[PDB]
>>> print(open('work_15.tsv').read())   # TSV, N, CA and C atoms and all ligand atoms
chain	number	residue	atom	x	y	z
A	198	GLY	N	-18.35	3.37	3.74
A	198	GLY	CA	-17.87	3.43	2.37
A	198	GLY	C	-16.70	2.50	2.11
A	199	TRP	N	-16.71	1.35	2.77
A	199	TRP	CA	-15.69	0.34	2.54
A	199	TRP	C	-16.06	-0.51	1.34
A	200	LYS	N	-15.09	-0.77	0.48
A	200	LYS	CA	-15.32	-1.59	-0.71
A	200	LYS	C	-14.87	-3.02	-0.47
A	201	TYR	N	-15.75	-3.98	-0.78
A	201	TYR	CA	-15.47	-5.39	-0.54
A	201	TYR	C	-14.81	-6.07	-1.73
A	202	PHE	N	-13.72	-6.78	-1.46
A	202	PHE	CA	-13.05	-7.58	-2.48
A	202	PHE	C	-12.40	-8.81	-1.86
A	203	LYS	N	-12.89	-9.98	-2.25
A	203	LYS	CA	-12.33	-11.27	-1.84
A	203	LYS	C	-11.98	-11.40	-0.36
A	204	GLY	N	-12.97	-11.24	0.50
A	204	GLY	CA	-12.79	-11.51	1.92
A	204	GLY	C	-12.14	-10.37	2.70
A	205	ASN	N	-12.00	-9.22	2.05
A	205	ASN	CA	-11.48	-8.03	2.71
A	205	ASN	C	-12.27	-6.79	2.31
A	206	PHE	N	-12.42	-5.86	3.25
A	206	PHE	CA	-12.95	-4.55	2.93
A	206	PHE	C	-11.81	-3.56	2.79
A	207	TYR	N	-11.96	-2.62	1.86
A	207	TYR	CA	-10.93	-1.63	1.60
A	207	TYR	C	-11.50	-0.24	1.78
A	208	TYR	N	-10.69	0.66	2.33
A	208	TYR	CA	-11.11	2.04	2.50
A	208	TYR	C	-10.18	2.96	1.73
A	209	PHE	N	-10.71	3.60	0.69
A	209	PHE	CA	-9.95	4.57	-0.09
A	209	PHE	C	-10.21	5.96	0.46
A	210	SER	N	-9.18	6.53	1.09
A	210	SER	CA	-9.37	7.74	1.87
A	210	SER	C	-9.68	8.95	1.01
A	211	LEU	N	-10.29	9.94	1.64
A	211	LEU	CA	-10.61	11.19	0.97
A	211	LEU	C	-9.66	12.28	1.46
A	212	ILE	N	-9.02	12.03	2.60
A	212	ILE	CA	-8.07	12.97	3.18
A	212	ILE	C	-6.64	12.43	3.08
A	213	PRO	N	-5.68	13.28	2.71
A	213	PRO	CA	-4.30	12.78	2.66
A	213	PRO	C	-3.63	12.83	4.04
A	214	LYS	N	-2.76	11.87	4.31
A	214	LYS	CA	-2.00	11.83	5.56
A	214	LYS	C	-0.59	11.30	5.28
A	215	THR	N	0.34	11.50	6.21
A	215	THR	CA	1.65	10.87	6.13
A	215	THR	C	1.46	9.36	6.26
A	216	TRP	N	2.47	8.58	5.86
A	216	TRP	CA	2.35	7.12	5.91
A	216	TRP	C	1.92	6.63	7.28
A	217	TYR	N	2.57	7.13	8.33
A	217	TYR	CA	2.29	6.64	9.68
A	217	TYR	C	0.94	7.12	10.21
A	218	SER	N	0.58	8.36	9.90
A	218	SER	CA	-0.70	8.89	10.38
A	218	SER	C	-1.87	8.18	9.70
A	219	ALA	N	-1.65	7.79	8.46
A	219	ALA	CA	-2.61	6.97	7.73
A	219	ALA	C	-2.72	5.60	8.39
A	220	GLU	N	-1.57	4.99	8.70
A	220	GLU	CA	-1.55	3.69	9.37
A	220	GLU	C	-2.28	3.73	10.71
A	221	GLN	N	-2.03	4.77	11.49
A	221	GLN	CA	-2.75	4.97	12.74
A	221	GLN	C	-4.25	5.11	12.53
A	222	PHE	N	-4.64	5.83	11.48
A	222	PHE	CA	-6.05	5.98	11.16
A	222	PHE	C	-6.69	4.63	10.84
A	223	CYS	N	-5.99	3.81	10.06
A	223	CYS	CA	-6.46	2.45	9.75
A	223	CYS	C	-6.58	1.61	11.02
A	224	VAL	N	-5.54	1.65	11.85
A	224	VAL	CA	-5.53	0.88	13.11
A	224	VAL	C	-6.67	1.31	14.02
A	225	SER	N	-7.02	2.59	13.97
A	225	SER	CA	-8.16	3.08	14.74
A	225	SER	C	-9.49	2.58	14.15
A	226	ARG	N	-9.46	2.07	12.92
A	226	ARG	CA	-10.66	1.54	12.30
A	226	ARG	C	-10.56	0.03	12.17
A	227	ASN	N	-9.78	-0.59	13.06
A	227	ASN	CA	-9.57	-2.05	13.04
A	227	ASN	C	-9.04	-2.56	11.70
A	228	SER	N	-8.08	-1.85	11.13
A	228	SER	CA	-7.50	-2.26	9.87
A	228	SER	C	-6.02	-1.89	9.78
A	229	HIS	N	-5.42	-2.13	8.62
A	229	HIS	CA	-4.05	-1.73	8.38
A	229	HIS	C	-3.98	-1.15	6.99
A	230	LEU	N	-2.95	-0.36	6.73
A	230	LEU	CA	-2.63	-0.02	5.36
A	230	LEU	C	-2.47	-1.33	4.58
A	231	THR	N	-3.04	-1.36	3.38
A	231	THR	CA	-3.24	-2.62	2.66
A	231	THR	C	-1.94	-3.29	2.21
A	232	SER	N	-1.90	-4.61	2.35
A	232	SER	CA	-0.90	-5.41	1.67
A	232	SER	C	-1.44	-5.72	0.29
A	233	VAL	N	-0.57	-6.23	-0.58
A	233	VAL	CA	-0.95	-6.65	-1.92
A	233	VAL	C	-0.26	-7.97	-2.16
A	234	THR	N	-1.03	-9.04	-2.34
A	234	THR	CA	-0.42	-10.36	-2.44
A	234	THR	C	-0.83	-11.16	-3.69
A	235	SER	N	-1.49	-10.51	-4.63
A	235	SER	CA	-1.86	-11.17	-5.88
A	235	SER	C	-2.06	-10.14	-6.99
A	236	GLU	N	-2.04	-10.63	-8.22
A	236	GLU	CA	-2.22	-9.77	-9.38
A	236	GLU	C	-3.63	-9.19	-9.39
A	237	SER	N	-4.61	-10.02	-9.04
A	237	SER	CA	-5.99	-9.59	-8.97
A	237	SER	C	-6.19	-8.53	-7.88
A	238	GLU	N	-5.44	-8.63	-6.79
A	238	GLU	CA	-5.57	-7.63	-5.73
A	238	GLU	C	-4.94	-6.32	-6.20
A	239	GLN	N	-3.73	-6.41	-6.74
A	239	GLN	CA	-3.06	-5.26	-7.34
A	239	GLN	C	-3.95	-4.57	-8.36
A	240	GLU	N	-4.55	-5.36	-9.25
A	240	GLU	CA	-5.45	-4.83	-10.27
A	240	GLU	C	-6.69	-4.15	-9.67
A	241	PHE	N	-7.29	-4.79	-8.68
A	241	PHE	CA	-8.43	-4.21	-7.97
A	241	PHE	C	-8.06	-2.85	-7.39
A	242	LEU	N	-6.86	-2.76	-6.83
A	242	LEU	CA	-6.41	-1.56	-6.15
A	242	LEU	C	-6.09	-0.42	-7.11
A	243	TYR	N	-5.31	-0.68	-8.16
A	243	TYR	CA	-4.92	0.41	-9.04
A	243	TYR	C	-6.09	0.93	-9.89
A	244	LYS	N	-6.98	0.03	-10.29
A	244	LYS	CA	-8.18	0.44	-11.01
A	244	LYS	C	-9.12	1.25	-10.13
A	245	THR	N	-9.25	0.85	-8.87
A	245	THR	CA	-10.08	1.61	-7.95
A	245	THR	C	-9.41	2.95	-7.66
A	246	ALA	N	-8.08	2.96	-7.67
A	246	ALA	CA	-7.33	4.19	-7.39
A	246	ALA	C	-7.60	5.29	-8.42
A	247	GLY	N	-8.03	4.90	-9.62
A	247	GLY	CA	-8.43	5.86	-10.64
A	247	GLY	C	-7.37	6.88	-11.02
A	248	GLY	N	-6.11	6.46	-11.00
A	248	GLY	CA	-5.01	7.31	-11.42
A	248	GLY	C	-4.42	8.21	-10.35
A	249	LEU	N	-4.93	8.11	-9.12
A	249	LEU	CA	-4.42	8.89	-8.00
A	249	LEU	C	-3.47	8.06	-7.13
A	250	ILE	N	-2.57	8.74	-6.43
A	250	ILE	CA	-1.56	8.07	-5.62
A	250	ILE	C	-2.07	7.78	-4.21
A	251	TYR	N	-1.87	6.55	-3.75
A	251	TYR	CA	-2.32	6.11	-2.43
A	251	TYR	C	-1.23	5.36	-1.67
A	252	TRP	N	-0.95	5.79	-0.45
A	252	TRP	CA	-0.14	5.00	0.47
A	252	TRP	C	-0.72	3.58	0.58
A	253	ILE	N	0.14	2.58	0.51
A	253	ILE	CA	-0.23	1.24	0.91
A	253	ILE	C	0.70	0.79	2.04
A	254	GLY	N	0.58	-0.46	2.47
A	254	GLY	CA	1.30	-0.94	3.63
A	254	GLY	C	2.78	-1.24	3.45
A	255	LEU	N	3.37	-0.77	2.36
A	255	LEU	CA	4.80	-0.98	2.12
A	255	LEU	C	5.67	-0.10	3.01
A	256	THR	N	6.63	-0.72	3.71
A	256	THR	CA	7.60	0.02	4.51
A	256	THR	C	8.83	-0.84	4.82
A	257	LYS	N	9.96	-0.20	5.08
A	257	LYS	CA	11.21	-0.92	5.34
A	257	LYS	C	11.29	-1.49	6.76
A	258	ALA	N	11.93	-2.65	6.89
A	258	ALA	CA	12.20	-3.26	8.19
A	258	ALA	C	13.54	-4.01	8.20
A	259	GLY	N	14.18	-4.08	9.36
A	259	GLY	CA	15.48	-4.70	9.49
A	259	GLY	C	16.62	-3.75	9.14
A	260	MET	N	17.85	-4.18	9.42
A	260	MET	CA	19.04	-3.36	9.19
A	260	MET	C	19.34	-3.23	7.71
A	261	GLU	N	18.95	-4.24	6.94
A	261	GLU	CA	19.26	-4.32	5.52
A	261	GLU	C	18.33	-3.43	4.70
A	262	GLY	N	17.22	-3.03	5.31
A	262	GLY	CA	16.24	-2.19	4.64
A	262	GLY	C	15.36	-2.95	3.68
A	263	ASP	N	15.07	-4.21	4.00
A	263	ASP	CA	14.16	-4.99	3.18
A	263	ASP	C	12.75	-4.41	3.31
A	264	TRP	N	11.96	-4.53	2.26
A	264	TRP	CA	10.59	-4.06	2.31
A	264	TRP	C	9.74	-5.04	3.08
A	265	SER	N	8.68	-4.54	3.70
A	265	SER	CA	7.81	-5.38	4.52
A	265	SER	C	6.38	-4.86	4.43
A	266	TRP	N	5.44	-5.63	4.95
A	266	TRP	CA	4.05	-5.20	5.01
A	266	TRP	C	3.71	-4.87	6.45
A	267	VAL	N	3.11	-3.71	6.67
A	267	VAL	CA	2.80	-3.29	8.03
A	267	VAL	C	1.74	-4.20	8.69
A	268	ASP	N	0.92	-4.87	7.88
A	268	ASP	CA	-0.04	-5.83	8.45
A	268	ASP	C	0.59	-7.20	8.73
A	269	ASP	N	1.91	-7.27	8.59
A	269	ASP	CA	2.71	-8.46	8.91
A	269	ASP	C	2.60	-9.61	7.91
A	270	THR	N	1.93	-9.40	6.79
A	270	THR	CA	2.03	-10.34	5.68
A	270	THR	C	3.51	-10.41	5.32
A	271	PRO	N	4.07	-11.63	5.27
A	271	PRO	CA	5.45	-11.81	4.81
A	271	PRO	C	5.60	-11.22	3.42
A	272	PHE	N	6.66	-10.44	3.22
A	272	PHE	CA	6.93	-9.83	1.94
A	272	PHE	C	7.68	-10.82	1.06
A	273	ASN	N	7.09	-11.17	-0.08
A	273	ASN	CA	7.71	-12.09	-1.02
A	273	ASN	C	8.40	-11.31	-2.12
A	274	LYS	N	9.72	-11.17	-1.99
A	274	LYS	CA	10.50	-10.33	-2.90
A	274	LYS	C	10.40	-10.77	-4.35
A	275	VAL	N	10.47	-12.08	-4.57
A	275	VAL	CA	10.35	-12.65	-5.91
A	275	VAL	C	8.97	-12.41	-6.52
A	276	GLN	N	7.92	-12.66	-5.74
A	276	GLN	CA	6.57	-12.61	-6.27
A	276	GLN	C	6.02	-11.19	-6.39
A	277	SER	N	6.75	-10.22	-5.86
A	277	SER	CA	6.31	-8.83	-5.88
A	277	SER	C	7.14	-7.97	-6.83
A	278	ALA	N	8.19	-8.54	-7.40
A	278	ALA	CA	9.08	-7.79	-8.29
A	278	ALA	C	8.30	-7.17	-9.44
A	279	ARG	N	7.28	-7.89	-9.91
A	279	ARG	CA	6.44	-7.44	-11.02
A	279	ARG	C	5.53	-6.25	-10.67
A	280	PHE	N	5.42	-5.92	-9.39
A	280	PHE	CA	4.48	-4.88	-8.95
A	280	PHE	C	5.08	-3.47	-8.85
A	281	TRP	N	6.40	-3.36	-8.91
A	281	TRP	CA	7.06	-2.06	-8.84
A	281	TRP	C	7.04	-1.36	-10.20
A	282	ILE	N	7.03	-0.03	-10.18
A	282	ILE	CA	7.26	0.74	-11.40
A	282	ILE	C	8.70	0.47	-11.82
A	283	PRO	N	8.94	0.30	-13.13
A	283	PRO	CA	10.31	0.13	-13.63
A	283	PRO	C	11.22	1.22	-13.10
A	284	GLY	N	12.25	0.82	-12.36
A	284	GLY	CA	13.18	1.77	-11.77
A	284	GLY	C	12.98	1.92	-10.28
A	285	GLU	N	11.86	1.43	-9.77
A	285	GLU	CA	11.57	1.50	-8.34
A	285	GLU	C	11.73	0.12	-7.70
A	286	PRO	N	12.09	0.08	-6.41
A	286	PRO	CA	12.40	1.25	-5.58
A	286	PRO	C	13.78	1.82	-5.92
A	287	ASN	N	13.87	3.14	-6.04
A	287	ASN	CA	15.13	3.79	-6.36
A	287	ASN	C	15.74	4.47	-5.16
A	288	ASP	N	14.93	4.63	-4.12
A	288	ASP	CA	15.34	5.31	-2.89
A	288	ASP	C	15.93	6.69	-3.17
A	289	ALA	N	15.06	7.68	-3.31
A	289	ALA	CA	15.50	9.04	-3.62
A	289	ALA	C	15.85	9.83	-2.36
A	290	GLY	N	16.99	10.52	-2.41
A	290	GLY	CA	17.48	11.27	-1.27
A	290	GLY	C	17.84	10.41	-0.07
A	291	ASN	N	17.94	9.10	-0.27
A	291	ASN	CA	18.13	8.16	0.83
A	291	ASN	C	17.06	8.38	1.90
A	292	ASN	N	15.83	8.64	1.46
A	292	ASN	CA	14.74	8.97	2.37
A	292	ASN	C	13.39	8.47	1.85
A	293	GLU	N	13.40	7.42	1.05
A	293	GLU	CA	12.15	6.84	0.56
A	293	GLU	C	11.93	5.45	1.17
A	294	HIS	N	11.35	5.43	2.36
A	294	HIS	CA	11.24	4.22	3.16
A	294	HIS	C	9.81	3.69	3.27
A	295	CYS	N	8.90	4.27	2.50
A	295	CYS	CA	7.52	3.78	2.44
A	295	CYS	C	7.06	3.68	1.00
A	296	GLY	N	5.95	2.97	0.78
A	296	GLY	CA	5.52	2.65	-0.56
A	296	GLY	C	4.08	3.03	-0.83
A	297	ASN	N	3.83	3.46	-2.05
A	297	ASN	CA	2.48	3.80	-2.48
A	297	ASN	C	2.12	3.17	-3.82
A	298	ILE	N	0.84	3.20	-4.15
A	298	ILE	CA	0.39	2.86	-5.49
A	298	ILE	C	0.36	4.15	-6.31
A	299	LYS	N	1.10	4.15	-7.41
A	299	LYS	CA	1.26	5.36	-8.21
A	299	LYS	C	0.73	5.19	-9.64
A	300	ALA	N	1.37	4.32	-10.41
A	300	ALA	CA	0.96	4.16	-11.81
A	300	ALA	C	-0.24	3.24	-11.95
A	301	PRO	N	-1.19	3.62	-12.81
A	301	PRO	CA	-2.34	2.77	-13.08
A	301	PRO	C	-1.97	1.60	-13.99
A	302	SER	N	-1.24	0.64	-13.43
A	302	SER	CA	-0.79	-0.55	-14.12
A	302	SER	C	-0.44	-1.61	-13.07
A	303	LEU	N	-0.13	-2.83	-13.51
A	303	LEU	CA	0.33	-3.84	-12.57
A	303	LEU	C	1.64	-3.38	-11.97
A	304	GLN	N	2.48	-2.81	-12.82
A	304	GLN	CA	3.71	-2.19	-12.35
A	304	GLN	C	3.35	-0.81	-11.79
A	305	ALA	N	2.97	-0.78	-10.51
A	305	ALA	CA	2.34	0.40	-9.92
A	305	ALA	C	3.12	1.08	-8.78
A	306	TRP	N	3.89	0.30	-8.02
A	306	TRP	CA	4.49	0.80	-6.78
A	306	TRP	C	5.65	1.78	-6.94
A	307	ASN	N	5.71	2.73	-6.02
A	307	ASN	CA	6.83	3.65	-5.90
A	307	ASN	C	7.20	3.83	-4.44
A	308	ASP	N	8.49	3.94	-4.15
A	308	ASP	CA	8.91	4.35	-2.82
A	308	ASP	C	9.00	5.87	-2.74
A	309	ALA	N	8.48	6.42	-1.65
A	309	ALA	CA	8.41	7.86	-1.45
A	309	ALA	C	8.72	8.16	0.00
A	310	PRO	N	9.07	9.42	0.31
A	310	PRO	CA	9.36	9.76	1.71
A	310	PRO	C	8.13	9.61	2.60
A	311	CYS	N	8.32	8.99	3.76
A	311	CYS	CA	7.21	8.63	4.65
A	311	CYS	C	6.41	9.82	5.18
A	312	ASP	N	7.05	10.99	5.25
A	312	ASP	CA	6.42	12.15	5.88
A	312	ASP	C	5.71	13.06	4.88
A	313	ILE	N	5.69	12.63	3.62
A	313	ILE	CA	4.86	13.24	2.59
A	313	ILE	C	3.43	12.74	2.76
A	314	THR	N	2.45	13.63	2.56
A	314	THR	CA	1.05	13.26	2.67
A	314	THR	C	0.46	12.81	1.32
A	315	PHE	N	-0.22	11.67	1.34
A	315	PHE	CA	-0.97	11.15	0.20
A	315	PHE	C	-2.29	10.59	0.72
A	316	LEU	N	-3.24	10.39	-0.18
A	316	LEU	CA	-4.41	9.59	0.15
A	316	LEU	C	-3.93	8.18	0.47
A	317	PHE	N	-4.79	7.37	1.08
A	317	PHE	CA	-4.33	6.07	1.55
A	317	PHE	C	-5.42	5.01	1.49
A	318	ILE	N	-4.99	3.76	1.50
A	318	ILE	CA	-5.91	2.63	1.43
A	318	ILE	C	-5.78	1.73	2.64
A	319	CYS	N	-6.85	1.63	3.43
A	319	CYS	CA	-6.91	0.65	4.52
A	319	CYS	C	-7.48	-0.68	4.05
A	320	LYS	N	-7.08	-1.75	4.73
A	320	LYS	CA	-7.59	-3.09	4.44
A	320	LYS	C	-8.06	-3.78	5.72
A	321	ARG	N	-9.29	-4.25	5.71
A	321	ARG	CA	-9.89	-4.87	6.89
A	321	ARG	C	-10.48	-6.24	6.57
A	322	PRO	N	-10.07	-7.27	7.31
A	322	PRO	CA	-10.59	-8.60	6.99
A	322	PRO	C	-12.08	-8.69	7.32
A	323	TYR	N	-12.83	-9.47	6.55
A	323	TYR	CA	-14.19	-9.79	6.92
A	323	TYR	C	-14.18	-11.13	7.64
A	324	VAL	N	-14.75	-11.16	8.84
A	324	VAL	CA	-14.80	-12.40	9.60
A	324	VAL	C	-16.26	-12.79	9.86
A	325	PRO	N	-16.79	-13.74	9.06
A	325	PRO	CA	-18.19	-14.18	9.12
A	325	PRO	C	-18.62	-14.61	10.52
B	1	LIG	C1	11.32	13.25	-8.60
B	1	LIG	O1	11.13	12.12	-7.74
B	1	LIG	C2	9.87	11.48	-7.97
B	1	LIG	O2	9.96	10.68	-9.15
B	1	LIG	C3	10.87	9.58	-9.01
B	1	LIG	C4	11.02	8.84	-10.33
B	1	LIG	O3	11.66	9.71	-11.27
B	1	LIG	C5	10.35	8.66	-7.91
B	1	LIG	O4	11.16	7.49	-7.84
B	1	LIG	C6	10.38	9.43	-6.61
B	1	LIG	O5	9.95	8.61	-5.51
B	1	LIG	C7	9.48	10.66	-6.73
B	1	LIG	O6	8.12	10.24	-6.83
B	2	CA	CA	10.93	6.29	-5.65
>>> encode(input="work_15.tsv", output="structure tokens", more="lines below")
Ligand SMILES: CO[C@H]1O[C@H](CO)[C@@H](O)[C@H](O)[C@@H]1O
Ligand SMILES: [Ca+2]
Amino acid sequence: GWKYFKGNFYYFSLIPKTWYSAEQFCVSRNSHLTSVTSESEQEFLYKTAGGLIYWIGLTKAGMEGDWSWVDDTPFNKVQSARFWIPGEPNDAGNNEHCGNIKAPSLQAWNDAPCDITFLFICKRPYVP
């Protein structure tokens, strides 16, 4: 039940997991929690999400707490500013170190506590 979009397959989970347990599940399926690197990808993801919240590959790295992609796609702070929900990341309780797709819009991302369970999206490259 993987959905194909532009050289990648995506898995929209039916079971909710914590950010890391979801990531482990993806890694066990030769994938990672999805990065988002274009407007068309963001749009594909939030429309497929159908108004439900899904963990994606957003998580903090380094001492400064910069956001990063768990699949090691370099995080482009400038080019991703448009993808956050207005007001996010707000870091609530000083404990929101992972990211999900929340709002059904281009401005979709929210930071949430990593140990909260949500549905999740894996991303797997297609290699011909
Ligand atoms: C109540 O907290 C929730 O809503 C705020 C926005 O008000 C988000 O930033 C936060 O991560 C939670 O999802
Ligand atoms: Ca938040």
>>> select_by_dssp(input="work_15.tsv", residues="stretch 226-316 of chain A", states="strand (DSSP E or B)", output="number ranges by chain")
A: 229-230, 251-258, 263-266, 281, 295-298, 306-309, 315-316
>>> residues_near_ligand(input="work_15.tsv", ligand="ligand CA 2 (chain B)", cutoff="8 Å", atoms="all atoms listed in the file", output="list in words")
residues 284, 285, 286, 287, 288, 289, 293, 306, 307, 308, 309 and 310 of chain A
>>> atom_distance(input="work_15.tsv", atom1="atom C of residue A:301", atom2="atom C of residue A:239")
8.6 Å
>>> atom_distance(input="work_15.tsv", atom1="atom CA of residue A:257", atom2="atom CA of residue A:294")
5.6 Å
>>> atom_distance(input="work_15.tsv", atom1="atom CA of residue A:226", atom2="atom CA of residue A:320")
9.6 Å
>>> closest_residue(input="work_15.tsv", among="A:305, A:325, A:319, A:262", to="ligand LIG 1 (chain B)", atoms="only C-alpha atoms and all ligand atoms")
A:305
>>> residues_around(input="work_15.tsv", residues="residue A:212", least_positions_apart="5", cutoff="8 Å", atoms="only N, CA and C atoms", output="ChimeraX atom specification")
/A:314-317
>>> closest_residue(input="work_15.tsv", among="A:227, A:304, A:237, A:215", to="residue A:278", atoms="all atoms listed in the file")
A:304
>>> residues_around(input="work_15.tsv", residues="residue A:265", least_positions_apart="6", cutoff="5 Å", atoms="only N, CA and C atoms", output="ChimeraX atom specification")
/A:255-258
>>> residues_around(input="work_15.tsv", residues="residue A:220", least_positions_apart="5", cutoff="7 Å", atoms="only N, CA and C atoms", output="PyMOL selection string")
chain A and resi 215+225+228-230
>>> write_last_selection(input="work_15.tsv", atoms="N, CA and C atoms", output="JSON list (two decimals), in the coordinates of the input")
[["chain", "number", "residue", "atom", "x", "y", "z"],
["A", 215, "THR", "N", 0.34, 11.50, 6.21],
["A", 215, "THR", "CA", 1.65, 10.87, 6.13],
["A", 215, "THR", "C", 1.46, 9.36, 6.26],
["A", 225, "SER", "N", -7.02, 2.59, 13.97],
["A", 225, "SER", "CA", -8.16, 3.08, 14.74],
["A", 225, "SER", "C", -9.49, 2.58, 14.15],
["A", 228, "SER", "N", -8.08, -1.85, 11.13],
["A", 228, "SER", "CA", -7.50, -2.26, 9.87],
["A", 228, "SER", "C", -6.02, -1.89, 9.78],
["A", 229, "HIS", "N", -5.42, -2.13, 8.62],
["A", 229, "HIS", "CA", -4.05, -1.73, 8.38],
["A", 229, "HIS", "C", -3.98, -1.15, 6.99],
["A", 230, "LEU", "N", -2.95, -0.36, 6.73],
["A", 230, "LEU", "CA", -2.63, -0.02, 5.36],
["A", 230, "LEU", "C", -2.47, -1.33, 4.58]]
>>> select_by_dssp(input="work_15.tsv", residues="stretch 273-304 of chain A", states="helix (DSSP H, G or I)", output="list in words")
residues 274, 275, 276, 277, 278, 279, 280, 289, 290 and 291 of chain A
>>> closest_residue(input="work_15.tsv", among="A:321, A:281, A:302, A:313", to="residue A:243", atoms="all atoms listed in the file")
A:302
>>> axis_aligned_box(input="work_15.tsv", around="ligand LIG 1 (chain B)", padding_each_side="5 Å", output="JSON")
{"center_x": 9.9, "center_y": 10.4, "center_z": -8.4, "size_x": 13.5, "size_y": 15.8, "size_z": 15.8}
>>> closest_residue(input="work_15.tsv", among="A:290, A:259, A:279, A:253", to="ligand LIG 1 (chain B)", atoms="all atoms listed in the file")
A:290
>>> residues_around(input="work_15.tsv", residues="residue A:202", least_positions_apart="5", cutoff="10 Å", atoms="only C-alpha atoms", output="PyMOL selection string")
chain A and resi 207+237-238+241-242+320+322-323
>>> closest_residue(input="work_15.tsv", among="A:219, A:232, A:250, A:210", to="residue A:297", atoms="all atoms listed in the file")
A:250
>>> closest_residue(input="work_15.tsv", among="A:283, A:277, A:296, A:324", to="residue A:236", atoms="only C-alpha atoms")
A:277
>>> build_atoms(input="work_15.tsv", residues="stretch 238-250 of chain A", atoms="N, CA, C and O atoms", output="PDB file, in the frame of the given file")
ATOM      1  N   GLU A 238      -5.440  -8.630  -6.790  1.00  0.00           N
ATOM      2  CA  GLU A 238      -5.570  -7.630  -5.730  1.00  0.00           C
ATOM      3  C   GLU A 238      -4.940  -6.320  -6.200  1.00  0.00           C
ATOM      4  O   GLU A 238      -5.550  -5.261  -6.071  1.00  0.00           O
ATOM      5  N   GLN A 239      -3.730  -6.410  -6.740  1.00  0.00           N
ATOM      6  CA  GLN A 239      -3.060  -5.260  -7.340  1.00  0.00           C
ATOM      7  C   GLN A 239      -3.950  -4.570  -8.360  1.00  0.00           C
ATOM      8  O   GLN A 239      -4.110  -3.347  -8.348  1.00  0.00           O
ATOM      9  N   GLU A 240      -4.550  -5.360  -9.250  1.00  0.00           N
ATOM     10  CA  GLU A 240      -5.450  -4.830 -10.270  1.00  0.00           C
ATOM     11  C   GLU A 240      -6.690  -4.150  -9.670  1.00  0.00           C
ATOM     12  O   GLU A 240      -7.084  -3.067 -10.111  1.00  0.00           O
ATOM     13  N   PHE A 241      -7.290  -4.790  -8.680  1.00  0.00           N
ATOM     14  CA  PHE A 241      -8.430  -4.210  -7.970  1.00  0.00           C
ATOM     15  C   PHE A 241      -8.060  -2.850  -7.390  1.00  0.00           C
ATOM     16  O   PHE A 241      -8.845  -1.901  -7.466  1.00  0.00           O
ATOM     17  N   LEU A 242      -6.860  -2.760  -6.830  1.00  0.00           N
ATOM     18  CA  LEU A 242      -6.410  -1.560  -6.150  1.00  0.00           C
ATOM     19  C   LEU A 242      -6.090  -0.420  -7.110  1.00  0.00           C
ATOM     20  O   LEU A 242      -6.533   0.698  -6.899  1.00  0.00           O
ATOM     21  N   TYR A 243      -5.310  -0.680  -8.160  1.00  0.00           N
ATOM     22  CA  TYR A 243      -4.920   0.410  -9.040  1.00  0.00           C
ATOM     23  C   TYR A 243      -6.090   0.930  -9.890  1.00  0.00           C
ATOM     24  O   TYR A 243      -6.187   2.124 -10.156  1.00  0.00           O
ATOM     25  N   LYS A 244      -6.980   0.030 -10.290  1.00  0.00           N
ATOM     26  CA  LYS A 244      -8.180   0.440 -11.010  1.00  0.00           C
ATOM     27  C   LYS A 244      -9.120   1.250 -10.130  1.00  0.00           C
ATOM     28  O   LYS A 244      -9.712   2.227 -10.577  1.00  0.00           O
ATOM     29  N   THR A 245      -9.250   0.850  -8.870  1.00  0.00           N
ATOM     30  CA  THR A 245     -10.080   1.610  -7.950  1.00  0.00           C
ATOM     31  C   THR A 245      -9.410   2.950  -7.660  1.00  0.00           C
ATOM     32  O   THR A 245     -10.078   3.968  -7.460  1.00  0.00           O
ATOM     33  N   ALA A 246      -8.080   2.960  -7.670  1.00  0.00           N
ATOM     34  CA  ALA A 246      -7.330   4.190  -7.390  1.00  0.00           C
ATOM     35  C   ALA A 246      -7.600   5.290  -8.420  1.00  0.00           C
ATOM     36  O   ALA A 246      -7.425   6.472  -8.141  1.00  0.00           O
ATOM     37  N   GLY A 247      -8.030   4.900  -9.620  1.00  0.00           N
ATOM     38  CA  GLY A 247      -8.430   5.860 -10.640  1.00  0.00           C
ATOM     39  C   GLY A 247      -7.370   6.880 -11.020  1.00  0.00           C
ATOM     40  O   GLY A 247      -7.679   8.032 -11.319  1.00  0.00           O
ATOM     41  N   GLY A 248      -6.110   6.460 -11.000  1.00  0.00           N
ATOM     42  CA  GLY A 248      -5.010   7.310 -11.420  1.00  0.00           C
ATOM     43  C   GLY A 248      -4.420   8.210 -10.350  1.00  0.00           C
ATOM     44  O   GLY A 248      -3.525   8.999 -10.634  1.00  0.00           O
ATOM     45  N   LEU A 249      -4.930   8.110  -9.120  1.00  0.00           N
ATOM     46  CA  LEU A 249      -4.420   8.890  -8.000  1.00  0.00           C
ATOM     47  C   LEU A 249      -3.470   8.060  -7.130  1.00  0.00           C
ATOM     48  O   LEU A 249      -3.566   6.833  -7.097  1.00  0.00           O
ATOM     49  N   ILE A 250      -2.570   8.740  -6.430  1.00  0.00           N
ATOM     50  CA  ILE A 250      -1.560   8.070  -5.620  1.00  0.00           C
ATOM     51  C   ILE A 250      -2.070   7.780  -4.210  1.00  0.00           C
ATOM     52  O   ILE A 250      -2.654   8.659  -3.560  1.00  0.00           O
TER      53      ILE A 250
END
